[PDB]
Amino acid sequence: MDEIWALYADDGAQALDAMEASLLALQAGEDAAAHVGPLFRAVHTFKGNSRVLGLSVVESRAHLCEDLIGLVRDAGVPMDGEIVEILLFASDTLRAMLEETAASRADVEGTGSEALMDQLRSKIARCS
């Protein structure tokens, strides 16, 4: 079980670093086409690992990110500065969530991530 959590911290970082890199590149001035896919795979990997260890709170916060990205990829909604902004705030929140869950070997309370869940929910409704 010690190696499983070590792999969760490793894969989690590799996915979040890739998630941050794609959003920072979009923020720098790069087309969505080249970055929409890389970050969906980054969020899909992070949500998958959390679901495996039963990290319900970490899985739920990652799931809403996947829905918003999914609206850009599948539904065809423009990835405006606001989408990038929320997902960059999500990247830093999930970074704090990953570091906490790895050290504790249990899920987070999610009280300090309630603002992000509503921030994501606000945009998903506004796009739909």
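A residue's number is simply how far along the shown sequence it sits, counting from 1.
Peer 1: Reading the B-factor column of the entry, which of 57, 75, 94, 53 has the highest value at its C-alpha atom?
Peer 2: So the option with the highest C-alpha B-factor is 75.
Peer 1: Hey, what third does residue 15 fall into on Cα B-factor, ranked over its chain?
Peer 2: For residue 15, whose C-alpha B-factor we compare with every modelled residue in the chain, the answer is the lowest third.
Peer 1: Would you mind checking where the Cα B-factor of residue 45 ranks among the modelled residues of its chain, as the lowest, middle or highest third?
Peer 2: It belongs to the middle third of the chain when residues are ordered by C-alpha B-factor.
Peer 1: Quick one: classify residue 90 as lowest, middle or highest third of the chain based on its Cα B-factor.
Peer 2: Lowest third - that is where residue 90 ends up once the chain's C-alpha B-factors are sorted.
Peer 1: How does residue 26 rank on Cα B-factor within its chain, lowest, middle or highest third?
Peer 2: Middle third, going by the recorded CA B-factors of the chain.
Peer 1: Could you say whether, by C-alpha temperature factor, residue 65 belongs to the lowest, middle or highest third of its chain?
Peer 2: Lowest third.
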